[PDB]
Structure formats: C-alpha cells, structure tokens
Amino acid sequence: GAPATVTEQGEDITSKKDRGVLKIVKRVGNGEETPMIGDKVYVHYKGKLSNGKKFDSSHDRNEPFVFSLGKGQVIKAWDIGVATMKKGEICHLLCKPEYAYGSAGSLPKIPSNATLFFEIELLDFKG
C-alpha cells in the first residue's frame, strides 16, 4: 500500500540525510515557490500508524489544519516536509519517530516509537 511504497520508494528530504523523512510527490503543485518560515499554511491531511489505523484526518473534520511554518507547532517532519511543497501539491511523507513523537508517543492514539505515514495537500500559504 501507500505506506510501504513511500518507505521503499521515497526520497530522503532531511538535512542530516538520515532517512528520517521520506517523500513522494503525488500531485505536482503550482510554480516553483514553497512557503517560508512563519507563513500561515493551510493543509488537508490524513495520518496512519504502522498498524494501519488512521489516527487523524482533516477531511473528516471538514476544516483544514492551519499552522505557522517552521515554529515547532507540528512535528519536525511536517515543518521539514511542508516547507518543500508547492501550493496545490499533494505528497506522502514517511516519518520516523525521531521526526515525529519519539519514544514518548502522544496519548491516546500515537504509540511509543511510531513511524507515521501522512498524505498532505498544501492548500495555501500566506505571510
């Protein structure tokens, strides 16, 4: 499935090149510009655990998730991953725990040492 495919066929987008965050672009977005640090970014997404369970989805909430890029308001993999996206892009990210919730996890839904899968759509970004 999609998690396996990004695990096996994704590109390492980390600065450390430690394969902690792997990406596949599913839909190419618009132009060349990506958001900048501090921008208000609007995304639709779903997240799955390695046991197949969907632990989060903005589509299911009928509202985008909104955050300021690069401020640690989201897991490291998102600050890194979303920063690589063009407006309109859809990508898959495979995030190892060191770029997600680590050994702590996030009660109740994210276990310790969890590798996470996301599909993310960048809807808009604004300074």
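From 1 onward, residues are counted along the sequence shown. Between two forms, the rigid core is the largest collection of C-alphas that superpose within 1.5 Å.
Superposing the other copies on the rigid core and comparing 47-55 to 82-90, farther C-alpha placement in 4 other deposited structures of this protein marks 47-55. Relative to the shown model and aligned on the rigid core, the C-alphas in 4 other deposited structures of this protein deviate most, among 69-77 and 29-37, for 29-37. Comparing 33-41 with 89-97, the stretch with the higher mean C-alpha B-factor in the PDB entry is 33-41. If you average the C-alpha B-factors over 52-60 and over 78-86, the higher value belongs to 52-60. Of the candidates 13, 24, 116, 107, it is 107 whose Cα B-factor is highest according to the PDB record.
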